[PDB]
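Written out below as structure tokens is the structure these notes cover.
When we count neighbours, we look across all protein chains shown, and the Cβ atoms used for this are built from the backbone with ideal geometry, even at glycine. FYI, it's all coordinate maths here, none of it is from the lab.
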Amino acid sequence: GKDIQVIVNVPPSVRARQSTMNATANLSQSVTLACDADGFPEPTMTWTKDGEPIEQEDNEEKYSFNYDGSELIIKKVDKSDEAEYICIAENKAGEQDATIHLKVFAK
């Protein structure tokens, strides 16, 4: 294991980017949110919609994101998008967790 060119193994650090999101429903708009992660060597991570997994390898029905972060861009918000985004990360040195909220209001 290594940092870049030095023998160190750094435990992961995931955090809920702003802790509480909000959105206006019935507008069919798109919205971004995140529980961003880091570690060395590179981490692995997943997160849930109050209990069921939003796993980036199989759950993608109206959402997508970038690497070196967790910025999950959700399309067409309608009313069903409300969530308690508990998020977990792990790497070759350790394990970590956080939680985001998302209050979706119907005008």
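Which one of these is charged (D, E, K, R) and either at positive phi or in contact with a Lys or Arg (Cβ under 7 Å, 6 or more places away or on another chain) (or both): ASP58, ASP68, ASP97?
Just one listed residue meets the conditions, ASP68.
Restricting to the range 1-22, name every residue that is assigned to a strand (DSSP E or B), small (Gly, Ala, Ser) and either touching a helix residue (DSSP H, G or I) at 6+ places or on another chain (Cβ under 7 Å) or surrounded by fewer than 18 Cβ atoms within 10 Å (Cβ to Cβ) (or both).
Matches in the range 1-22: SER13 only.
Can you work out which of the residues in the range 23-52 that are farther than 18 Å from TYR63 by Cα and acidic (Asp, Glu) is surrounded by the fewest Cβ atoms within 10 Å (Cβ to Cβ)?
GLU42
Of the conditions (1) touching a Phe, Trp or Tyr at 6+ places or on another chain (Cβ under 6 Å); (2) within 18 Å of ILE100 (Cβ to Cβ), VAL14 clears all except one; give me its number.
Going through (1) touching a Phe, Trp or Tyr at 6+ places or on another chain (Cβ under 6 Å); (2) within 18 Å of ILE100 (Cβ to Cβ) one by one, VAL14 breaks only (1).
Show the residue pairs that are 6+ apart or on different chains and have beta-carbon atoms under 8 Å apart, the first residue being within the range 22-34 and touching a residue at least 24 places away in the same chain (Cβ under 8 Å), the second being in a strand (DSSP E or B) and among the polar types (S, T, N, Q).
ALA23/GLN29
With the requirement that a residue be more than 22 Å from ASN9 (Cα to Cα) and aliphatic (A, V, I, L, M), what does the range 28-77 give you?
Matches in the range 28-77: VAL31, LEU33, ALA34, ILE54, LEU72, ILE73, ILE74, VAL77.
Quickly run through the range 59-82 and pick out the residues that are farther than 30 Å from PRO41 by Cβ and in contact with a strand residue (DSSP E or B) (Cβ under 6 Å, 6 or more places away or on another chain). Before the answer, list the steps.
At the first step, the residues of the range 59-82 found to be farther than 30 Å from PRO41 by Cβ are 61-62, 75-82.
Passing the criteria: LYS62, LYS75, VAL77, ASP81, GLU82.
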